[PDB]
Amino acid sequence: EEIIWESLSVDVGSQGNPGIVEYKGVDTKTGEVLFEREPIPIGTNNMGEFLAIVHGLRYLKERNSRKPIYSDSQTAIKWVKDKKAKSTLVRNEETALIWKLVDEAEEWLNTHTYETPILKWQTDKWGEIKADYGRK
RNA sequence: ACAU
DNA sequence: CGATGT
Ligand SMILES: [K+]
Ligand SMILES: [K+]
Ligand SMILES: [K+]
Ligand SMILES: [Mg+2]
Ligand SMILES: [Mg+2]
């Protein structure tokens, strides 16, 4: 329908999938970068999309903001609503960091409330989400 | 089949 | 072409 311009948009970027993962959140209206995570050596697209939403929830909660969050990831939206990231990535020594972050994000969801609406960015109708990394 |  | 996910 209509873009809600008063919102936060988040997205993952990577070098390979699985591969090096990063994510960021931007003001949908202005494009200003509000947060960007230092690259994580190995993760998946969906783990990064999930972390990006949870980071957005935490960022907005700390600022008393009721803005919605846009994500282009059906998977990550579902994982956040379930409070469970059902990733297939092997959990071993190489993937320890991403799994630690995912575990901690789940723990945050299980210990806090939020009213932030989590909305699907409608890429087919509106083009690329404003937090996209432009690598495709 | 659809979302990344 | 490879990959992650519902
Ligand atoms: K996309
Ligand atoms: K991109
Ligand atoms: K598939
Ligand atoms: Mg995305
Ligand atoms: Mg993108």
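By convention in this document, chain letters (A, B, ...) are assigned in the order of the sequence lines, proteins followed by strands, and residues within each chain are numbered from 1.
- Between the CH2 atom of A/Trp121 and the P atom of B/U4 there is a distance of 12 Å, rounded to whole Å.
- For A/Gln122, the CD atom sits in a packed shell: over 12 heavy atoms of surrounding residues, nucleotides or ligands are nearer than 6.0 Å.
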Begin from the C-alpha positions of A/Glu22 and A/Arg135 and carry the test salt bridge (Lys or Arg N to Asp or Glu O under 4.0 Å) through to its verdict. CA-CA 13 Å; A/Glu22 62 199 313; A/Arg135 304 174 175 170; 2.6 Å; yes

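- Residue A/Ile42 contributes atom CD1, which lies 16 Å from atom P of C/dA3 at whole-angstrom precision.
- Distance CD (A/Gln74) to P (B/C2): 11 Å, rounded to an integer number of Å.
- Annotation: side chain of A/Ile98 is in contact with side chain of A/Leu51 (closest heavy-atom distance under 4.5 Å).
- Look at CH2 on A/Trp99: it is 12 Å from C1' on C/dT4, rounded to the nearest Å.
- Taking 3.5 Å as the limit, the base of B/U4 and the side chain of A/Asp72 contain no donor-acceptor pair of atoms between them.
- Remark: P of B/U4 and CH2 of A/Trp126 are 12 Å apart, rounded to the nearest angstrom.
- A/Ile69 and A/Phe50 end up in the same hydrophobic cluster when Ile, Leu, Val, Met, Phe, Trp and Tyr side chains are linked at under 4.5 Å.
- Separating the CD1 atom of A/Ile98 from the P atom of C/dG5 is a distance of 10 Å, rounded to the nearest angstrom.
- At a threshold of 4.0 angstrom between heavy atoms, the contacts of A/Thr123 are confined to the sugar-phosphate backbone, with no base atom among them.
- Within the structure, every side-chain polar atom (N or O) of A/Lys136 is placed at least 4.0 Å from both OP1 and OP2 of B/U4.
- In the hydrophobic cluster analysis, where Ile, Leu, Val, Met, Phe, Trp and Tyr join through side-chain heavy atoms closer than 4.5 angstrom, A/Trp108 is grouped together with A/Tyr23.
- Atom CG of A/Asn17 is separated from atom P of B/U4 by 14 Å (rounded to the nearest Å).
- At a threshold of 4.5 Å between side-chain heavy atoms, the hydrophobic network of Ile, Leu, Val, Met, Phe, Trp and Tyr places A/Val54 and A/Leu101 in one connected group.
- With C/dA3, B/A3, B/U4 as the choices, the nucleotide that has an atom nearest any side-chain atom of A/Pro18 turns out to be C/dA3.
- For the segment residues 78-95 of chain A, the set of residues with a heavy atom within less than 4.0 Å of an atom of RNA chain B is empty.
- The aromatic rings of A/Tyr59 and A/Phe35 sit tilted relative to each other, their planes meeting at an angle between 30° and 60°.
- Protein atom CD of A/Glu49 is 15 Å distant from nucleotide atom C1' of B/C2, rounded to whole Å.
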